[PDB]
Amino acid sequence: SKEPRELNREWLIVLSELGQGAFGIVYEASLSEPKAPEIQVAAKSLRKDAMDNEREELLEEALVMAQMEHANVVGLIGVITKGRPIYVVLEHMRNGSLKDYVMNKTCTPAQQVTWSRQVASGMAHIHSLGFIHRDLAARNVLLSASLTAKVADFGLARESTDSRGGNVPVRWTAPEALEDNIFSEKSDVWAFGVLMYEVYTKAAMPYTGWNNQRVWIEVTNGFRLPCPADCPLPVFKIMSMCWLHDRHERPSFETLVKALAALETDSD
């Protein structure tokens, strides 16, 4: 329904690396549209090792992102497709990943619950447009200058109406998606539960001390992570519902937003 707006290549100045991976490379940049103020942006491009199926995946990523217009989803500013290299220009998120922040900064209980509700709000919007993310984790949520949390990285997102390989993030994946390859709105919900666990701990990996095969066997047999010492009991209740074995009993993101919003203005 929506479409990426094309931007003149000469408006963009690429400045410095924000993050590199197998996916490609994200740069910090600036966009100087004539008669408008200069703004910081992020520019995502392809590995120097090109392949035309990778150009198409990047353009598909942009089209998915162009459908989103929400305060808790990283915004699409436009694309540069005439010429080479190709750039997808996105909103710049000054404060980096949610993961790095909670690991390295002091955060209050009211911040922890608001960030949780903000991510649920962004995922609710994604689902309400007919998509599933399939890759949610705290390293994939970014923080703006106002410390507003926003869902990023749509590399693996797919229309709901319809995996990677040895890179499967086992610690964030629901049992049914590991065993039967069934990805759905309710496996996104399971992953959000694990994200909440990350928000309330300061370790790098959930299930610390277990490898990936140990995690899978333990979780399919009914193990669940216990309540972090610094997590309020009403919050852990919500976290726990995201991990019910039967996916149909897990709440929707619309329900999660509401439950979290009630605690967000709770004094206790």
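All residue numbers refer to positions in the sequence shown, first residue = 1.
Mean CA B-factor, 31-39 versus 204-212: the higher value falls on 31-39. Per-stretch averaging of Cα B factors for 83-91 and 189-197 places 83-91 on top. Of the candidates 161, 148, 112, 106, it is 161 whose Cα B-factor is highest according to the PDB record. Of all the options 12, 256, 15, 22, the entry's greatest CA B-factor is assigned to 22. Remark: residue 96 belongs to the lowest third of its chain, ranked by C-alpha B-factor as recorded. Split the chain's modelled residues into thirds by C-alpha temperature factor. Residue 70 is in the middle one. In the deposited entry, the Cα temperature factor of residue 143 places it in the lowest third of its chain's modelled residues.
When the modelled residues of the chain are ordered by their C-alpha B factor, residue 76 lands in the middle third.
In the PDB entry, a CA B factor belonging to the middle third of its chain's modelled residues is recorded for residue 217.
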